[PDB]
Every structure is written in structure tokens, then in C-alpha cells.
Amino acid sequence: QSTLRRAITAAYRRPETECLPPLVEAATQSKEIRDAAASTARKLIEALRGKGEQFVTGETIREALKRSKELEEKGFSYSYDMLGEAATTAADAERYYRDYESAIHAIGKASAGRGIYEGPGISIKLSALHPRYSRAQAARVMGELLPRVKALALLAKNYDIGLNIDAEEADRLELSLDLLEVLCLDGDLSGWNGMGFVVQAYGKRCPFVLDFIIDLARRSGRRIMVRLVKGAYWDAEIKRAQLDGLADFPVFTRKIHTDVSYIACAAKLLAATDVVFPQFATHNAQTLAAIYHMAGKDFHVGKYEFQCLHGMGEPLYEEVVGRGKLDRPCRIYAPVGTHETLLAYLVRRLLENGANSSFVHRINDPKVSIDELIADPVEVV
Amino acid sequence: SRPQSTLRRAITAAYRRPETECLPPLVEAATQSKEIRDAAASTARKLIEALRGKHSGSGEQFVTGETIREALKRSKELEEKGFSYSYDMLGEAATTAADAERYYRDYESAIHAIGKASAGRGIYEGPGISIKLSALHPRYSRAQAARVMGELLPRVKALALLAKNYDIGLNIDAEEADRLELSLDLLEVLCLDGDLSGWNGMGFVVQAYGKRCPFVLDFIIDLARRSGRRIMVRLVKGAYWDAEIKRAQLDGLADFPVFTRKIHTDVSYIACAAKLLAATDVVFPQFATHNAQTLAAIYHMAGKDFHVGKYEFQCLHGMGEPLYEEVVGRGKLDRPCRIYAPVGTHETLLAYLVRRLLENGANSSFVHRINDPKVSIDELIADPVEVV
Ligand SMILES: Cc1cc2nc3c(=O)[nH]c(=O)nc-3n(C[C@H](O)[C@H](O)[C@H](O)COP(=O)(O)OP(=O)(O)OC[C@H]3O[C@@H](n4cnc5c(N)ncnc54)[C@H](O)[C@@H]3O)c2cc1C
Ligand SMILES: Cc1cc2nc3c(=O)[nH]c(=O)nc-3n(C[C@H](O)[C@H](O)[C@H](O)COP(=O)(O)OP(=O)(O)OC[C@H]3O[C@@H](n4cnc5c(N)ncnc54)[C@H](O)[C@@H]3O)c2cc1C
Ligand SMILES: O=C(O)Cc1ccco1
Ligand SMILES: O=C(O)Cc1ccco1
């Protein structure tokens, strides 16, 4: 219970028309920045337009770790995800826990003291770790989940690697956020800045979650890693919201509004790089160019990074990483597992890649001009 | 008693009957002689070895055209080889009354176009259409059966009357388990409607992953006898398995309306195929599958006597043509195959494509196992009935 937590609850289903004015103002860039971003985005898109096995990095963490050397030398880093989610039995949640535990040991040993920015890390889904994650009361779920996540966080602290909590459906944002707060106030994890958390910009609550996390970082002394994404579950959220007869949804219903929300939330994160580590996860060259110029000329490893999904982001970020390009780092999200554990992730990649509104679809669409692809969302909204 | 009391009571009783209680009758009905099993194994081995190597050892490929005119032009090649077509104007789960009206006009336009292209070839050799009832009512899964039926029935009857006037097939696709009962009641009213007399093009899908499947087939076969219609029956395994599992979990069910072990669906399919093959005087079985072992089993179960119109196989565009190029035609198995042909753009491909990904990407699917290095040809041709 706090003023910052109340802003989150109040925004849950705020009407879309009332959410946007503060985002538009925050996402408005100076003419100089807009012109520079348009130039960079054009260069990236011209390069791209000259360019489920593809989505999985390896079957095992040993296999995926071996395959990461080539791109790590080019300026990429990795976040490994042992595939698995939505556990329905205690046995499944225990197996996912042991998968994550063994991955941390292997990743942490491979990190070899490179630390949380230059070395690899791990991503986890809370729904893999509790057999009734979405069907039981949030209070009891968090309490049974807490010792498992704390144990994993303690292992990540032992090796000094990143451990990110992925974001899933909207009705579990609050639970996962409460877990993040308990961990960041837990003295057994002091001195480790590897805890990471995803916030989804297609959510109406996003900037208020970001206010809460930035303040939590500042008062806890933890430099929380914050992965800003647009979001992967849009079709399911819409279908659930429609089934519930809800007049106002927890997510935006126009893609341009999510784009404006992302840029507005990026501005908020870039103003807080003292206390959080922003991670800008996107495959959209206009979004990337905007953030690249919003961040200014000062850069050091550990200030911020970009991120991308394995099999989707490499052609864009080959134009970004390295000293002959933009000299900014990118962390590749690397799924690890069998084809069967991959299926649910694959479905969301199909919804992402196949949507006519998606950047990665439009980049191949002969009816979509480069002019349209470099359009600034605020000037279009 | 209430009309068809016993048949209707059997369907309701099976709805959520324990899986272990459903299987013994299906296994016995699915049992075939050793001679037939050896012959089917040899046929299945031949089909798989031909599959690979005509295709080097191995989602626009699922759509036949953006418009029905474009799709009909593209059908000429495979029709010349002896395939037929069932066109589906992509669209489902209408959320508005206006959307339901748009889908109805798409189906209506398509029947005129398909009927002209058919040019009197009839329901077996000529093309037909498939429809989804969820496209035609704006709250199909949410509204009371009274309201849905009373509004849906005139629209489906109007479409059936058009299909009768051109003598083409009109198939009702099967969707989620909770709409089986409504769709079956609609089938009954249409088959008893005298305005549709003399046309045998009405078709209906039954999903063998459902516990009700054999009792639904008993009801349909009896309906064909008392109505005098030869009902076209498409036997499938089922496309919504992942969604059905999730829905039953959220409904708090102790027992699901579908099987949870994949080989149980295989046994159910073969047992239901045996029931259909014994009733070809009053139904037209349509065996929809991409599984070469299932195909071979039904090919040998059906015996040596065949004529076009007895039964057919079916496949999805973009999935089944390589298998059935080893089936259609005098030098192959000399059995016909109807290709299900989606028609539309990306504004309508979505829901169907997700179900294709779940089908193609599942470790348990034949189309995935045929490319899996861990699966021997021995396993691909194994009779599932022998495993249980
Ligand atoms: C490294 C990485 C990690 C990620 N982690 C997560 C995670 O933990 N949880 C999560 O949910 N997502 C996560 N995502 C995001 C998700 O997987 C997609 O990759 C991302 O949303 C695509 O955005 P884009 O900027 O690349 O592309 P764009 O094409 O610019 O944006 C597409 C996005 O717009 C949104 N959208 C589409 N249509 C509409 C509409 N009508 N109304 C409103 N919004 C709409 C959706 O969010 C969609 O994904 C992650 C992405 C990356 C790269
Ligand atoms: C022409 C045609 C029309 C079709 N029409 C419809 C329709 O109207 N409605 C519909 O629902 N389906 C329909 N289908 C079926 C669906 O689209 C799939 O193509 C079909 O189920 C795949 O079965 P298969 O015999 O080709 O493959 P197989 O690999 O032999 O069987 C796979 C099937 O097994 C089932 N299954 C998978 N895992 C399990 C499990 N753990 N427990 C139990 N069962 C399991 C599922 O039904 C899955 O699709 C149609 C198929 C075709 C070819
Ligand atoms: O799982 C998803 O589809 C979204 C996502 C990508 C990386 C982490 O989460
Ligand atoms: O729509 C689905 O996925 C199942 C299906 C295939 C053909 C008719 O229905």
C-alpha cells in the first residue's frame, strides 16, 4: 500500500483515451532528435531491406553455451531461457525448477566473473514454478513461489549473473511485482545488481509500474535491470477481455498507442539510468533509432542495452553492435529446450511475425514504403 | 419416448465419461486381422518411403487463393489428376452481427462461384464448400441454444438451398466440444427439411478425439436412414485439442470431453472408421488424415470393392498433397482425395494458422514425426491398436 502502488491499481483499466495524453507529451521528441532518429532508422531499414528451428538456440544449456561464442565476440550477450511455462502439476513445476537451477550453475560457470552486463544471464517465468500460478489466490501463490525464486536469485548472486523475471499475462503483473519488491528488500541478496524485471508497454499500467520500480531501485540500493517490451500476449488479453464483457481492457487496442507508450516509457527509463539498467527489447528499427538518439552521446557498458529474440533480431542488430556501426550492445534472448517445450513460445512468435501490423512483417511488405516505416508514432497518432 | 431418446441419451452419457471406460469398446472395434495388419504395414511403409525422396527425404502454403475466383483457377492442375476440392472462406467466431452478415455473404457468393465451376459434376466428383457455424452467429459460443438455433437455421438452410441448386457439397466443420450438440440438432432439422429433398450434399464433421464420437456417428447413421439423405461424414481426429484441455481445466472438470493420450484418439478414429465403412449405403465417409498409417489401415479395412462415391480420403492444402499423390490414381492406390482449400487474406488466416502450427509442431503429430531423426520407420508404421 503506497501512492506509487495506487497509481498502478488505478490505471489497470483506465479508458484508453485518458491514458494517452501523458504518454504523447512524454514521447514527444525535439525536432533535432526526431530528424536524427529518422536518418538512423532510414539507414537501418535500407540495410535490412538488403537482407521452429530458427527460434531455439540449443536443446541443452551446454549446447547453447557452446554456440554463443561467435556472436559474443562480435558484441552480443545472451539471456538464456529454459523453455517451459504454465506448470499444471507439482512434478512439472519441480522439473522446471531443476532446469533453471542447473542452467544457473552452467551459465554462472561460463560467465567466469564477467559480471551482469558483459556476461550471460538467465530469464525465468514464474508460471513454470508454481502448478496453479494463474488459478490460485495471488497471496498463497507468491508465498509458495518466494522460496524458490529466492533460492535461484541467491545462486545468481553467487556467480554474479543476471536473473530476469519474464512478464506474462496482465492479471499476474501485481503478483510478480510484489515478489520483485520482497527480493529487492532481502538482505541476503545485497550487493548483487542482477535482478531483472520485464514491463510491457502495451499495458495501461506500464509507466506507473516503471515509477514504482525506479523508486524501489533508488530506495533499496538495487540497480534493477528493467526490460522494456511491448508485449507478447495481446491476442489472448483481447480475447479474455472480450469474454469477460469488460468495457475497458488492461491493454491498448491500437498498435500506435503501444508504440507511443513504449517511447514515453523509454524516456522515463533513460532519465533513471543512475538507479536502473534499462534493456530496450525491440526488433523495430524506428523504435531503436528513437531510443538511440534519446539516450544522448554519453554511453558506457552498463548504462543501457538493447535486446532481441534469437532468430529474429540478428539482421537488425548486426547493424547496431560493434565499433563500425552504432557501438551499442544487444542481449539475445536464447530459448533452450526440446521442440515440445518450444510450442507455446512458438505460437506467440507466429502471432508476432504474422501480424500485418508487426514491424518484422512490414519490412518484407512491398506495399509498405520506407517513409511509412520511419514514421514517428506521436506525429502519426 | 422422446424422439431418438436412446441415441441422444448415449451421446450425453459419453460427454465426460472416464477415458478408461471409453476405450475397451473402441479397441475391440479397431482390432483387425493379422493379415490386414501386415498388408497395411507394407502399404504404410511404401507411402512413407515414397513421401521422402520425392521430396528430398522430407504460412502462405496453407491458402489456395485470396479470392474464390483465384482459388478455383488454381485447382485445375490437381483436379485433372483426380483430386477434388472443398473450399473454405476463412473466417470464424464472428464477434458482431455485421461480421456474421459479411461471412454469410462470402459463403453465398462462394457457392455461386463453386457451383458454376462444378458445372454439373455432382457432389462426389465436383467441388464443394465448408462452413463454420461460428462465422454465422455473432455470439455463437455464448448465447442460449434457443436464440442461436432460431437465427442460424434460416441462414444455413438458405446456403444449403443454394448448394442443392448447383448439386455441390456443403460441409459443416466441427469446432469446440461445447457446440457439438447444437450443430448436431441443426443437422437433424436440415436433413428432415423437405425443401432440401433429393440432394445428398449435406456434410458433417465428427472429431474422433471426442468421447462422444461413436455415439454421434450412431445418431447420424440413424438420421440418414430415417431422413433418406446420404449424409457426407468427414471423420477427423480434431484440431482444437490444446484449447480443449485448457478450457476443461478452467471449467474445473474432473473428466475432459476429449482423450488425453494421443494413441487413444488413433484407436477411436479406426473404430469409428469401421462403423462408417459398414454404413456406406446411407453415409458417404470422408477419411480426413495426413497419417500414412491411419490411411493404410482404412484402405485395407475397406476391402477390395471400390467405386467413386463409396468413400473418399481428405487432406488440408499445403499438408497432404505429397502423401496423396501416392494414393490418387490408377497406378497408386486408386482412391480419391478431396483437398480442403482455405481462401482469404491475412485478415482471416490467423486462427486457422495457429491450429496448423499446433498440428505441425507437436511431437505427437505424424507430420512432425516423419521428419524427427528419433523416430524409426518401424514406429511410424506401428498399429496403435496393438499398443493398447
Ligand atoms: C528480448 C525480448 C524479450 C521479451 N520479453 C517479453 C516478456 O517477458 N513478456 C512479454 O509479454 N513480451 C516480451 N517481449 C516482447 C514480445 O515477445 C515481442 O517481441 C514484442 O512485443 C515485439 O515488439 P517489437 O517492438 O519488436 O515490434 P513492433 O512490430 O513494433 O510491435 C509489435 C507489438 O505491438 C503490440 N500490438 C500489436 N497490435 C496491437 C494492437 N492492435 N494494439 C495494441 N498493441 C498492439 C504487441 O505488443 C506486438 O508484439 C520480449 C521481446 C524481446 C525482443
Ligand atoms: C480435410 C480435413 C478437414 C478437417 N476438418 C476438421 C474440422 O472440421 N474440425 C476439427 O476439429 N478438425 C478437423 N480436421 C482435423 C485437424 O485439422 C487435423 O488435421 C487432424 O486432427 C490431424 O490428424 P492426422 O490423422 O492427420 O494426424 P495424427 O498426427 O495422426 O494425429 C494428430 C491428432 O491427434 C490428436 N491428439 C494429439 N495429441 C493428443 C493427445 N495427447 N491426446 C489425444 N489426442 C491427441 C489431435 O486431434 C491431433 O490433431 C480436419 C482435417 C482434414 C485433413
Ligand atoms: O514468451 C514470450 O512470447 C515473450 C517473451 C520473449 C522473451 C521472454 O518472453
Ligand atoms: O479449422 C481447423 O483448424 C480444423 C479444420 C480443418 C479443415 C476444417 O476444419
# chains A, B, ... in the order shown; residues from 1 in each chain; ligands from 1
call {"tool": "interface_residues", "arguments": {"of": "chain B", "to": "chain A", "cutoff": "12 Å", "atoms": "only C-alpha atoms", "output": "VMD selection string"}}
result
chain B and resid 59 to 60 93 95 to 96 139 141 to 142 242 to 243 245 to 246 249 to 252 345 to 365 368 to 369 372
call {"tool": "select_by_dssp", "arguments": {"residues": "segment 24-206 of chain A", "states": "helix (DSSP H, G or I)", "output": "PyMOL selection string"}}
result
chain A and resi 24-27+31-48+53-55+61-66+69-72+90-111+115-118+126-128+138-159+170-184+187-189+206
call {"tool": "residues_around", "arguments": {"residues": "residue 312 of chain B", "least_positions_apart": "6", "cutoff": "7 Å", "atoms": "only C-alpha atoms", "output": "count of residues only"}}
result
6
call {"tool": "residues_near_ligand", "arguments": {"ligand": "ligand 1", "cutoff": "7 Å", "atoms": "only C-alpha atoms and all ligand atoms", "output": "count of residues only"}}
result
36
call {"tool": "closest_residue", "arguments": {"among": "B:181, B:108, B:244, B:173", "to": "ligand 2", "atoms": "only C-alpha atoms and all ligand atoms"}}
result
B:173
call {"tool": "residues_near_ligand", "arguments": {"ligand": "ligand 2", "cutoff": "7 Å", "atoms": "only C-alpha atoms and all ligand atoms", "output": "ChimeraX atom specification"}}
result
/B:173-175,205,207,209,236-241,258-266,288-291,294,314-316,339-340,359,364-367
call {"tool": "write_last_selection", "arguments": {"atoms": "C-alpha atoms", "output": "PDB file, in the first residue's frame"}}
result
ATOM      1  CA  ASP B 173     -16.985 -28.026 -39.903  1.00  0.00           C
ATOM      2  CA  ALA B 174     -16.640 -29.154 -36.287  1.00  0.00           C
ATOM      3  CA  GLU B 175     -15.367 -26.633 -33.758  1.00  0.00           C
ATOM      4  CA  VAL B 205     -17.612 -33.422 -39.349  1.00  0.00           C
ATOM      5  CA  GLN B 207     -13.996 -35.470 -34.205  1.00  0.00           C
ATOM      6  CA  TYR B 209     -10.605 -37.208 -30.218  1.00  0.00           C
ATOM      7  CA  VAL B 236     -11.248 -36.254 -38.348  1.00  0.00           C
ATOM      8  CA  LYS B 237      -9.178 -36.550 -35.223  1.00  0.00           C
ATOM      9  CA  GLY B 238      -9.615 -32.934 -34.169  1.00  0.00           C
ATOM     10  CA  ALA B 239      -7.956 -29.506 -34.394  1.00  0.00           C
ATOM     11  CA  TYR B 240      -8.680 -27.920 -31.009  1.00  0.00           C
ATOM     12  CA  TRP B 241      -7.006 -30.356 -28.590  1.00  0.00           C
ATOM     13  CA  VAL B 258     -11.563 -35.308 -25.289  1.00  0.00           C
ATOM     14  CA  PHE B 259      -8.965 -38.031 -24.850  1.00  0.00           C
ATOM     15  CA  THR B 260      -5.650 -37.054 -23.267  1.00  0.00           C
ATOM     16  CA  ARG B 261      -3.482 -39.853 -24.720  1.00  0.00           C
ATOM     17  CA  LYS B 262      -2.787 -39.427 -28.433  1.00  0.00           C
ATOM     18  CA  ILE B 263      -2.943 -43.111 -29.327  1.00  0.00           C
ATOM     19  CA  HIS B 264      -6.420 -43.271 -27.786  1.00  0.00           C
ATOM     20  CA  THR B 265      -7.531 -40.801 -30.467  1.00  0.00           C
ATOM     21  CA  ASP B 266      -5.925 -43.074 -33.083  1.00  0.00           C
ATOM     22  CA  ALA B 288      -9.505 -36.843 -43.346  1.00  0.00           C
ATOM     23  CA  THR B 289      -5.948 -37.591 -42.232  1.00  0.00           C
ATOM     24  CA  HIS B 290      -2.295 -36.920 -43.073  1.00  0.00           C
ATOM     25  CA  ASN B 291      -1.120 -40.013 -41.180  1.00  0.00           C
ATOM     26  CA  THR B 294      -4.121 -44.371 -40.461  1.00  0.00           C
ATOM     27  CA  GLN B 314      -9.351 -35.840 -47.481  1.00  0.00           C
ATOM     28  CA  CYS B 315      -6.362 -33.624 -46.709  1.00  0.00           C
ATOM     29  CA  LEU B 316      -5.510 -29.986 -45.996  1.00  0.00           C
ATOM     30  CA  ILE B 339      -8.363 -31.112 -50.693  1.00  0.00           C
ATOM     31  CA  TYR B 340      -9.618 -28.653 -48.071  1.00  0.00           C
ATOM     32  CA  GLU B 359      -0.631 -29.624 -35.507  1.00  0.00           C
ATOM     33  CA  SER B 364       2.980 -36.477 -31.257  1.00  0.00           C
ATOM     34  CA  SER B 365       1.884 -35.487 -34.784  1.00  0.00           C
ATOM     35  CA  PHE B 366       2.689 -37.767 -37.713  1.00  0.00           C
ATOM     36  CA  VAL B 367       3.746 -34.811 -39.874  1.00  0.00           C
TER      37      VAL B 367
END
call {"tool": "atom_distance", "arguments": {"atom1": "atom CA of residue 101 of chain B", "atom2": "atom CA of residue 186 of chain B"}}
result
18.9 Å
call {"tool": "residues_around", "arguments": {"residues": "residue 298 of chain A", "least_positions_apart": "6", "cutoff": "12 Å", "atoms": "only C-alpha atoms", "output": "ChimeraX atom specification"}}
result
/A:270,273,292,304,327-328
call {"tool": "atom_distance", "arguments": {"atom1": "atom CA of residue 58 of chain B", "atom2": "atom CA of residue 375 of chain B"}}
result
13.3 Å
call {"tool": "atom_distance", "arguments": {"atom1": "atom CA of residue 48 of chain B", "atom2": "atom CA of residue 327 of chain B"}}
result
11.6 Å
call {"tool": "residues_around", "arguments": {"residues": "residue 155 of chain B", "least_positions_apart": "6", "cutoff": "10 Å", "atoms": "only C-alpha atoms", "output": "PyMOL selection string"}}
result
chain B and resi 101+104+108+133+136-137+161
call {"tool": "write_last_selection", "arguments": {"atoms": "C-alpha atoms", "output": "PDB file, in the first residue's frame"}}
result
ATOM      1  CA  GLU B 101     -23.606 -10.948 -42.131  1.00  0.00           C
ATOM      2  CA  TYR B 104     -22.769 -15.202 -44.809  1.00  0.00           C
ATOM      3  CA  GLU B 108     -23.226 -17.216 -50.507  1.00  0.00           C
ATOM      4  CA  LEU B 133     -21.248 -22.110 -37.763  1.00  0.00           C
ATOM      5  CA  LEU B 136     -22.690 -17.087 -38.928  1.00  0.00           C
ATOM      6  CA  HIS B 137     -23.895 -16.176 -35.427  1.00  0.00           C
ATOM      7  CA  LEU B 161     -30.646 -24.470 -50.765  1.00  0.00           C
TER       8      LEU B 161
END
call {"tool": "residues_around", "arguments": {"residues": "residue 36 of chain A", "least_positions_apart": "3", "cutoff": "12 Å", "atoms": "only C-alpha atoms", "output": "list in words"}}
result
residues 29, 30, 31, 32, 33, 39, 40, 41, 42, 43, 286, 289, 290, 291, 292, 293, 294, 296, 374 and 376 of chain A
call {"tool": "write_last_selection", "arguments": {"atoms": "N, CA and C atoms", "output": "short mmCIF file (atom, residue, chain, number, x, y, z; two decimals), in the first residue's frame"}}
result
data_model
loop_
_atom_site.label_atom_id
_atom_site.label_comp_id
_atom_site.auth_asym_id
_atom_site.auth_seq_id
_atom_site.Cartn_x
_atom_site.Cartn_y
_atom_site.Cartn_z
N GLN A 29 9.52 14.22 -29.05
CA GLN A 29 10.95 14.50 -29.10
C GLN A 29 11.20 15.84 -29.78
N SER A 30 12.35 16.43 -29.46
CA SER A 30 12.78 17.65 -30.12
C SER A 30 12.95 17.42 -31.62
N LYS A 31 12.82 18.50 -32.40
CA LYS A 31 12.98 18.37 -33.84
C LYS A 31 14.35 17.80 -34.20
N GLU A 32 15.40 18.25 -33.51
CA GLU A 32 16.74 17.73 -33.78
C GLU A 32 16.81 16.23 -33.54
N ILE A 33 16.23 15.75 -32.45
CA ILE A 33 16.26 14.32 -32.17
C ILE A 33 15.39 13.55 -33.16
N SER A 39 16.92 9.73 -39.71
CA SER A 39 18.09 9.40 -40.52
C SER A 39 18.66 8.03 -40.15
N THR A 40 18.84 7.78 -38.85
CA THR A 40 19.34 6.48 -38.40
C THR A 40 18.39 5.35 -38.78
N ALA A 41 17.09 5.55 -38.57
CA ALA A 41 16.13 4.49 -38.89
C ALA A 41 16.14 4.19 -40.38
N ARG A 42 16.24 5.23 -41.21
CA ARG A 42 16.29 5.02 -42.65
C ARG A 42 17.49 4.16 -43.02
N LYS A 43 18.66 4.48 -42.44
CA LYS A 43 19.87 3.71 -42.72
C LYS A 43 19.72 2.26 -42.29
N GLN A 286 12.65 1.73 -36.13
CA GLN A 286 12.27 3.10 -35.76
C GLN A 286 12.30 3.27 -34.25
N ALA A 289 16.04 3.40 -33.26
CA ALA A 289 16.66 4.67 -33.61
C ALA A 289 16.23 5.79 -32.67
N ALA A 290 14.94 5.83 -32.34
CA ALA A 290 14.42 6.83 -31.42
C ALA A 290 15.13 6.75 -30.07
N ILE A 291 15.25 5.55 -29.52
CA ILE A 291 15.88 5.38 -28.22
C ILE A 291 17.36 5.69 -28.30
N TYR A 292 18.02 5.24 -29.37
CA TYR A 292 19.44 5.51 -29.55
C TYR A 292 19.73 7.00 -29.47
N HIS A 293 18.89 7.82 -30.09
CA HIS A 293 19.14 9.25 -30.05
C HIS A 293 18.62 9.89 -28.77
N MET A 294 17.53 9.37 -28.19
CA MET A 294 17.06 9.88 -26.92
C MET A 294 18.10 9.72 -25.82
N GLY A 296 21.24 10.16 -25.88
CA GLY A 296 22.33 11.12 -25.90
C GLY A 296 23.65 10.49 -26.30
N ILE A 374 9.62 4.68 -41.07
CA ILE A 374 10.35 5.60 -40.21
C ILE A 374 9.43 6.67 -39.62
N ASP A 376 7.25 8.71 -37.13
CA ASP A 376 7.28 8.88 -35.68
C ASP A 376 5.88 8.64 -35.11
#
call {"tool": "closest_residue", "arguments": {"among": "A:25, A:169, A:188, A:46", "to": "ligand 3", "atoms": "only C-alpha atoms and all ligand atoms"}}
result
A:169
call {"tool": "residues_around", "arguments": {"residues": "segment 153-162 of chain A", "least_positions_apart": "4", "cutoff": "12 Å", "atoms": "only C-alpha atoms", "output": "PyMOL selection string"}}
result
chain A and resi 77-81+100-124+146-149+179-180+182-184+186-197+223-227+277+331
call {"tool": "select_by_dssp", "arguments": {"residues": "segment 1-168 of chain A", "states": "strand (DSSP E)", "output": "PyMOL selection string"}}
result
chain A and resi 76-82+121-124+162-165
call {"tool": "write_last_selection", "arguments": {"atoms": "N, CA and C atoms", "output": "PDB file, in the first residue's frame"}}
result
ATOM      1  N   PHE A  76      27.612  -9.093 -28.840  1.00  0.00           N
ATOM      2  CA  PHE A  76      26.345  -9.538 -28.278  1.00  0.00           C
ATOM      3  C   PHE A  76      26.560 -10.195 -26.921  1.00  0.00           C
ATOM      4  N   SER A  77      25.519 -10.173 -26.103  1.00  0.00           N
ATOM      5  CA  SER A  77      25.471 -11.027 -24.925  1.00  0.00           C
ATOM      6  C   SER A  77      24.216 -11.880 -25.009  1.00  0.00           C
ATOM      7  N   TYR A  78      24.004 -12.705 -23.991  1.00  0.00           N
ATOM      8  CA  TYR A  78      22.896 -13.650 -24.010  1.00  0.00           C
ATOM      9  C   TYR A  78      22.105 -13.625 -22.713  1.00  0.00           C
ATOM     10  N   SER A  79      20.817 -13.936 -22.838  1.00  0.00           N
ATOM     11  CA  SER A  79      19.969 -14.281 -21.705  1.00  0.00           C
ATOM     12  C   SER A  79      19.309 -15.605 -22.063  1.00  0.00           C
ATOM     13  N   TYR A  80      19.651 -16.661 -21.344  1.00  0.00           N
ATOM     14  CA  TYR A  80      19.149 -17.992 -21.684  1.00  0.00           C
ATOM     15  C   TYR A  80      17.815 -18.259 -21.007  1.00  0.00           C
ATOM     16  N   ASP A  81      16.877 -18.833 -21.760  1.00  0.00           N
ATOM     17  CA  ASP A  81      15.580 -19.216 -21.214  1.00  0.00           C
ATOM     18  C   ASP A  81      15.411 -20.714 -21.387  1.00  0.00           C
ATOM     19  N   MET A  82      15.389 -21.456 -20.277  1.00  0.00           N
ATOM     20  CA  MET A  82      14.996 -22.858 -20.338  1.00  0.00           C
ATOM     21  C   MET A  82      13.493 -22.895 -20.563  1.00  0.00           C
ATOM     22  N   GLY A 121      23.239 -14.096 -18.793  1.00  0.00           N
ATOM     23  CA  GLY A 121      22.300 -14.228 -17.698  1.00  0.00           C
ATOM     24  C   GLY A 121      21.198 -15.208 -18.024  1.00  0.00           C
ATOM     25  N   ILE A 122      20.170 -15.250 -17.174  1.00  0.00           N
ATOM     26  CA  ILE A 122      19.067 -16.195 -17.320  1.00  0.00           C
ATOM     27  C   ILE A 122      17.754 -15.439 -17.218  1.00  0.00           C
ATOM     28  N   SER A 123      16.727 -15.975 -17.881  1.00  0.00           N
ATOM     29  CA  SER A 123      15.361 -15.488 -17.771  1.00  0.00           C
ATOM     30  C   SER A 123      14.477 -16.632 -17.298  1.00  0.00           C
ATOM     31  N   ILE A 124      13.534 -16.327 -16.408  1.00  0.00           N
ATOM     32  CA  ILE A 124      12.618 -17.321 -15.865  1.00  0.00           C
ATOM     33  C   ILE A 124      11.186 -16.819 -16.001  1.00  0.00           C
ATOM     34  N   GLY A 162      22.950 -12.082 -14.307  1.00  0.00           N
ATOM     35  CA  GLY A 162      21.589 -11.552 -14.329  1.00  0.00           C
ATOM     36  C   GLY A 162      20.536 -12.647 -14.239  1.00  0.00           C
ATOM     37  N   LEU A 163      19.451 -12.334 -13.535  1.00  0.00           N
ATOM     38  CA  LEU A 163      18.289 -13.215 -13.449  1.00  0.00           C
ATOM     39  C   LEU A 163      17.058 -12.350 -13.662  1.00  0.00           C
ATOM     40  N   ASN A 164      16.399 -12.556 -14.796  1.00  0.00           N
ATOM     41  CA  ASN A 164      15.252 -11.769 -15.212  1.00  0.00           C
ATOM     42  C   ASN A 164      13.963 -12.554 -15.025  1.00  0.00           C
ATOM     43  N   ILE A 165      12.947 -11.887 -14.475  1.00  0.00           N
ATOM     44  CA  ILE A 165      11.592 -12.428 -14.403  1.00  0.00           C
ATOM     45  C   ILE A 165      10.810 -11.939 -15.624  1.00  0.00           C
TER      46      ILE A 165
END
call {"tool": "closest_residue", "arguments": {"among": "A:373, A:83, A:136, A:275", "to": "residue 335 of chain A", "atoms": "only C-alpha atoms"}}
result
A:83
call {"tool": "closest_atom_pairs", "arguments": {"of": "segment 175-219 of chain B", "to": "segment 269-283 of chain B", "cutoff": "12 Å", "atoms": "only C-alpha atoms", "output": "CSV"}}
result
residue,atom,partner,partner_atom,distance
B:200,CA,B:283,CA,9.3
B:201,CA,B:283,CA,10.8
B:202,CA,B:283,CA,10.4
B:203,CA,B:283,CA,9.4
B:204,CA,B:283,CA,10.4
B:206,CA,B:272,CA,9.6
B:207,CA,B:269,CA,8.3
B:208,CA,B:269,CA,5.1
B:209,CA,B:269,CA,7.7
B:210,CA,B:269,CA,9.8
B:211,CA,B:269,CA,11.0
B:212,CA,B:272,CA,10.9
B:213,CA,B:272,CA,7.5
B:214,CA,B:272,CA,5.9
B:215,CA,B:272,CA,9.6
B:216,CA,B:272,CA,10.1
B:217,CA,B:272,CA,7.6
B:218,CA,B:275,CA,8.4
B:219,CA,B:283,CA,11.7
call {"tool": "decode", "arguments": {"residues": "segment 122-146 of chain A", "atoms": "C-alpha atoms", "output": "mmCIF file, in the first residue's frame"}}
result
data_model
loop_
_atom_site.group_PDB
_atom_site.id
_atom_site.type_symbol
_atom_site.label_atom_id
_atom_site.label_comp_id
_atom_site.auth_asym_id
_atom_site.auth_seq_id
_atom_site.Cartn_x
_atom_site.Cartn_y
_atom_site.Cartn_z
ATOM 1 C CA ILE A 122 19.067 -16.195 -17.320
ATOM 2 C CA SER A 123 15.361 -15.488 -17.771
ATOM 3 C CA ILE A 124 12.618 -17.321 -15.865
ATOM 4 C CA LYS A 125 8.817 -17.472 -15.994
ATOM 5 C CA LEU A 126 7.024 -17.559 -12.651
ATOM 6 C CA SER A 127 4.238 -19.663 -14.169
ATOM 7 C CA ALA A 128 6.727 -22.524 -14.642
ATOM 8 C CA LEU A 129 7.498 -22.615 -10.926
ATOM 9 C CA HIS A 130 4.031 -22.936 -9.373
ATOM 10 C CA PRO A 131 1.494 -25.560 -10.558
ATOM 11 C CA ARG A 132 -1.550 -23.279 -10.114
ATOM 12 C CA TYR A 133 0.074 -19.951 -10.895
ATOM 13 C CA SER A 134 -2.969 -18.379 -12.575
ATOM 14 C CA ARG A 135 -5.711 -20.459 -10.890
ATOM 15 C CA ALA A 136 -4.903 -19.990 -7.192
ATOM 16 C CA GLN A 137 -5.002 -16.950 -4.926
ATOM 17 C CA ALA A 138 -2.180 -14.497 -5.618
ATOM 18 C CA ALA A 139 -1.309 -14.286 -1.908
ATOM 19 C CA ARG A 140 -0.670 -18.018 -1.428
ATOM 20 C CA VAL A 141 0.977 -18.323 -4.861
ATOM 21 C CA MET A 142 3.537 -15.623 -4.074
ATOM 22 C CA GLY A 143 4.355 -17.136 -0.682
ATOM 23 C CA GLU A 144 4.978 -20.611 -2.117
ATOM 24 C CA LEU A 145 6.840 -19.105 -5.067
ATOM 25 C CA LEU A 146 9.078 -16.861 -2.958
#
